[PDB]
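Visitor: A single structure is presented below for examination.
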Amino acid sequence: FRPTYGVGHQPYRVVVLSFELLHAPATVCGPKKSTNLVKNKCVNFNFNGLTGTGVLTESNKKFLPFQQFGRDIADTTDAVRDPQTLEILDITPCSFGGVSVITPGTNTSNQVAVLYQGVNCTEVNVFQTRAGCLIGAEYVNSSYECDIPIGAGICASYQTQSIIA
Amino acid sequence: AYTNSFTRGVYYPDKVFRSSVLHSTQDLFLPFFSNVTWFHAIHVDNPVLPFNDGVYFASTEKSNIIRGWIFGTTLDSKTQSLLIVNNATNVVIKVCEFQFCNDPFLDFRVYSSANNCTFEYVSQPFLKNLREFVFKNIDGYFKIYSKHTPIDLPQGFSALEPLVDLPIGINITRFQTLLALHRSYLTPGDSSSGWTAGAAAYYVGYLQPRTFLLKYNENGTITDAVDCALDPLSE
Amino acid sequence: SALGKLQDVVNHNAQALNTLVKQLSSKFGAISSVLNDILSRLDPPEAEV
Amino acid sequence: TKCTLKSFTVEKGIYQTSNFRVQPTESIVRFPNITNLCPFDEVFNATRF
């Protein structure tokens, strides 16, 4: 090898990689892919393989240094530690529930009020009740013999021109 | 000799936190009130002990007379045998098919044939003090649990914590122990004379598939356990 | 145990709900219980069955 | 409500028509952080072939 030599005789350095895959307790895997964490919002998370959905909140439980996951009764994953900062986070599924329609009758009027049962009005006039968030009806202090039962001691009826709870 | 093993050998099996709840798990545990072989650490070098399904090695010593272990299907170089050696500075774990002599060398730091090592690892050492160890190798991984407690085996309850989960997939079928001594000679073969050492002993127990009812406290630590198949009241 | 009946009603309802929630982990003969794995490690024609 | 009761005239009362469920607003993945890589760099840059 000397510099006057043409291309066909110029020393090419070559390196060949052979990946074996038989019985593989694979000890080499280096893909990065780690995005910044988001809290207090319904987010899909994948913590070191654990996939789920829910709202993340700062934890108050004492994880032992060798523990990585937390579960309540019936295998519900309640908490997880970050594989990056090792901070404990609480998982609670964000609010969901059934919705019901309050109607005074097609033949009286077409107005309608909607009752979201398992929710607070902050994450849906508007009114809050122990039975859920009620929309479309105004709360009055007068007590009457009630005819449309909503729940938790609250009822609704046609004012006569509005629906009152 | 023989001696019944009390409520010992329980370990955290799943590294999952649980608070103020009872949990039943089917895994390889040490049955309560079972007898375990008892040996002394004076001299001879050491007989081979099978690695049936998992070994519970407890040792009460105060002179660092026991310093490691060796596992594998044979002591010869015909297969990639395993090495585990502790030390005052670090642990040396190796799988290199080194053919061994008739007896494990007594630390004069090594006595084995050539090697074709495939895995090696090093880390901080695993160190009246009752040292407990549980060795398990089932799912292609070889796992170690341990705990060191102040103080015969005490009647007190205490669970072992997962120390290391190694990925080596060697087919382990037999196992031996490693001894040590200060200013001791080392040869491939020796008689029953041995060399002097401090008063010490080590126990051996065999794990079995059992159903255990574990009790977690408010901080996620095991405080009690029930052998589901010991007696009618436990059942 | 003066209130055995009311307590028994409460425990029956609670236990029924608990077992209904617990029965979600069973495979019922499928290769896995979580929907994500089933839809991940198999083609759609076999993932249907 | 008319469409669920399958009737153009709905009488006075409360009816459970459907359910709502807030969708996830973001998606996050948390993978490894890679520590102690491999010497391929050296392998190719050792200039000792």
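What follows draws every value from the coordinates through simple rules; no lab data is involved. Heads up, the Cβs are rebuilt from the backbone with ideal geometry, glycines too, and the neighbour counts pull from every protein chain shown.
Visitor: Note down the nm distance, to one decimal, between modelled labels 7 Å out along Cα→Cβ at residue C:25 and at residue B:42.
Guide: 5.1
Visitor: Follow-up question, since we're still on this one. In vacuum, with every alpha carbon of region B:57-161 counted as one equal point scatterer, what does the Debye formula give for log10 I(q)/I(0) at q = 0.15, 0.22 Å⁻¹? Two decimals, please.
Guide: Calculated log10 I(q)/I(0) at the listed q: -0.74, -1.32.
Visitor: Residue by residue through region B:31-36, which ³J(HN,Hα) values in whole Hz follow from phi under the Karplus form 6.51 cos²θ - 1.76 cosθ + 1.60 (θ = phi - 60°), with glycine and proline marked x?
Guide: Karplus-based 3J(HN,Hα) across region B:31-36 equals x, 5, 6, 9, 7, 10 Hz.
Visitor: Given a Förster radius of 45 Å and the C-beta distance between residue B:199 and residue B:234 as r, what FRET efficiency does 1/(1 + (r/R0)^6) yield to the nearest 0.05?
Guide: So the FRET efficiency works out to roughly 0.75.
Visitor: Please enumerate, by chain and number, the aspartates and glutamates with C-alpha under 15 Å from the C-alpha of residue A:33, excluding those fewer than 8 residues away in the same chain.
Guide: Those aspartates and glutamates meeting the cut-off are A:82.
Visitor: Still on this structure, I have one more. Whole-Hz Karplus ³J(HN,Hα) for region A:78-92, in order, using 6.51 cos²θ - 1.76 cosθ + 1.60 and θ = phi - 60°, x for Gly and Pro?
Guide: 8, 8, 7, 9, 5, x, 9, 9, 6, 7, 7, 10, 8, 10, 10
Visitor: If you line up the long axis of helix C:4-22 against the longest principal axis of chain C, both from Cα atoms, how many degrees apart are they, to the nearest 10?
Guide: Compared with the principal axis, the helix lies near 10 degrees.
Visitor: Give or take rounding to whole Å, what are the principal axis extents of the alpha carbon atoms in the protein assembly as shown, in descending order?
Guide: Result for the protein assembly as shown: principal-axis Cα extents of 109, 92, 40 Å.
Visitor: If you don't mind, there's one more thing I want to ask. If I stretch the segment between residue A:112 and residue A:24 completely, what's the gain in nm (0.36 nm per residue apart, minus their alpha carbon distance), one decimal?
Guide: Between residue A:112 and residue A:24, full extension yields an extra 25.3 nm.
Visitor: Next question, about the same structure. For region B:16-82, place one equal point scatterer on every Cα, skip the solvent, and apply the Debye formula. What is log10 of I(q)/I(0) at q = 0.17, 0.19 Å⁻¹?
Guide: Rounded to two decimals, the profile gives -0.95, -1.06.
Visitor: May I pose another question? Translational diffusion coefficient, Stokes-Einstein: compute it for chain D using the Kirkwood radius over C-alpha pairs as Rh, at 25 °C and 0.890 mPa s, and state it as an integer in µm² s⁻¹.
Guide: Calculated translational D: 135 µm²/s.
Visitor: Tell me which residues come under 5 Å, amide H to amide H, from residue B:17 once H is placed; ignore anything under 5 positions away on its chain.
Guide: A:68, A:69, A:70, A:71
Visitor: Another one. Nothing charged except the Cβ atoms of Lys and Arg (+1) and of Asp and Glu (-1): what's the magnitude of the dipole of region B:104-151 about its Cα centre? Round to the nearest 20 debye.
Guide: 220
Visitor: Collect residues whose amide H, placed 1.01 Å from N in the peptide plane, falls under 5 Å from the amide H of residue B:54; neighbours closer than 5 in sequence don't count.
Guide: Excluding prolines and chain starts, which carry no amide H, the hits are B:207.
Visitor: Test of understanding: what is the full-extension gain from residue A:46 to residue A:17, defined as 0.36 nm times their sequence separation minus their Cα-Cα distance? The partial results should precede the final answer.
Guide: Numbers: separation 29, 0.36 × 29 = 10.44 nm, distance 3.18 nm.
Extra length from residue A:46 to residue A:17 when fully extended: 7.3 nm.
Visitor: Same structure again: Compute the FRET efficiency between residue B:21 and residue B:151 as 1/(1 + (r/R0)^6), taking r as their Cβ-Cβ distance and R0 = 25 Å, and round to the nearest 0.05.
Guide: Values: r = 31 Å, r/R0 = 1.22.
Efficiency, from the Cβ-Cβ distance: 0.25.
Visitor: Sticking with this one: Relative to the compact-globule scaling 2.2 N^0.38 Å, provide the ratio for the alpha-carbon radius of gyration of chain C.
Guide: 1.93
Visitor: Let me ask another. Please list, in chain and number order, the residues 5+ apart from residue B:34 or on another chain whose amide H is under 5 Å from its amide H, with Hs placed from the backbone.
Guide: For residue B:34, whose amide H was placed from the backbone, the distant partners under 5 Å are B:5.
Visitor: Another question, if that's okay. Tell me the Rg and the Dmax, in Å, that the Cα atoms of region A:93-165 produce.
Guide: Computed over the Cα atoms of region A:93-165, radius of gyration and Dmax are 12.3, 42 Å.
Visitor: Using the Karplus curve 6.51 cos²θ - 1.76 cosθ + 1.60 with θ = phi - 60°, what ³J(HN,Hα) values do you get for each residue of region B:58-67, in whole Hz, with x for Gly and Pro?
Guide: After applying 6.51 cos²θ - 1.76 cosθ + 1.60, I find 10, 8, 10, 8, 9, 9, 6, 7, 9, 10 Hz.
Visitor: Given the C-alpha centroids of chain D and region B:39-94, what is the distance between them in whole angstrom?
Guide: 49
Visitor: Which three semi-axes in whole Å describe the equivalent ellipsoid of chain A, each the square root of 5 times a Cα gyration tensor eigenvalue, listed largest first?
Guide: 64, 23, 14
Visitor: Roughly speaking, what is the centre-to-centre gap between chain C and region A:53-99 when only Cα atoms are used, to the nearest Å?
Guide: Chain C and region A:53-99 have Cα centres spaced 21 Å from each other.
Visitor: For all pairs of alpha-carbon atoms in region B:2-235, what percent lies in each bin of width 10 Å, listed from the first bin to the last filled one?
Guide: Taking all Cα pairs of region B:2-235, the binned fractions are 7, 30, 35, 20, 7, 1 percent.
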